[PDB]
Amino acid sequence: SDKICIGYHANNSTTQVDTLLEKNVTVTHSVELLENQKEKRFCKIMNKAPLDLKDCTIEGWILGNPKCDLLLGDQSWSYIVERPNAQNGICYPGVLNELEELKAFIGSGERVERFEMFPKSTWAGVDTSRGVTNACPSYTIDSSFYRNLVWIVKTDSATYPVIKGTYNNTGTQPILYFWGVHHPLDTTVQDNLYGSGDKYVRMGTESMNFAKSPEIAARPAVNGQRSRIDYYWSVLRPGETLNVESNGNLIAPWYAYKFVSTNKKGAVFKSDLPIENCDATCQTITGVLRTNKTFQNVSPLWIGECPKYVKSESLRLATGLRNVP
């Protein structure tokens, strides 16, 4: 007898999906929506390389720790990579005030131009040429200091007079800059470095004012030092002017950075992964994703255009039908 039948496709597929009613249903066609593979490295993004801080922390880099000279100068970066065991940060003991906001501000940038903001001649009648310490060696000298600051002391034969500096930001870019206040371990050291009298550091802008005095005390030794420096940072906006005024204890700004804020998202990755010469469009903290997929279970932290992060092992969508061969 002549015959006609109605039916449906089957094939050699062993690929399975799950449904609300049933697990492990083999289907003829399907599409995986989740990426789970990564190249365990750091690559360029928008073909701009990341900045590798190597053996420096963000603090050491930006303050100019003498052991961070290979980073010294202008930098452009698609993101920043900080190594978890980096040893060179703050060499002369103390606190960098509002550190977390500093880290966030820098991570929102893409470029810095280093420049001399207050030349040493700014400060009249004081010594700008010692201000060097064994807490803060270079690779070439045992006793040195941050390259972006000047530790001013009195000359041998005179008092520390009132000193003044000013800087007018006539450019179109905000300026990231630093200063400090030295806090000696005792009165003897205070008097050796700055002479007697009530000392003050005052800084001022159209929109910020700062005032501090030394706080003398012997604290536990760190890198040989029982004294401290309180470090500070601020942002001199375009069109603003900064006035500095002190009669003692000033760790003065010297070099600062013209700072360009990205209109992307910026990132600081804390990771030991290697940087290589490769391009990428999607870079997570744990590696690059090369994928057109819409989900990924590699990492929630990334820059570039990445798939959405989820905890799933697999997100496989059936397109064809139940495979019954």
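Start at 1 with the first residue shown and count on from there.
Q: Taking the recorded C-alpha temperature factors, which stretch has the higher mean, 31-39 or 258-266?
A: Mean B over CA atoms: larger for 258-266.
Q: Looking only at CA atoms, which has the higher mean B factor in the entry: 242-250 or 156-164?
A: On average, C-alpha B-factors are higher across 156-164.
Q: Compare the CA B factors listed in the entry for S196, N97, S234, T128 and report the winner.
A: Spelled out: the listed residue with the top C-alpha B-factor is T128.
Q: Grab the CA temperature factor for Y200 from the record and place it in the lowest, middle or highest third of its chain.
A: Lowest third of the chain for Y200's C-alpha B-factor.
Q: For the chain shown, is the CA B-factor of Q75 in the lowest, middle or highest third of its modelled residues?
A: According to the entry, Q75 has a C-alpha B-factor in the chain's middle third.
Q: Relative to the other modelled residues in the chain, which third contains the C-alpha temperature factor of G171: lowest, middle or highest?
A: For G171, whose C-alpha B-factor we compare with every modelled residue in the chain, the answer is the highest third.
Q: By its CA B factor, does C306 count among the lowest, middle or highest third of the modelled residues in the chain?
A: Answer is highest: the recorded C-alpha B-factor places it there.
Q: Within this chain's modelled residues, let me know which third the CA B factor of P184 belongs to: lowest, middle or highest.
A: As the PDB entry reports it, the C-alpha B-factor of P184 lands in the lowest third of its chain.
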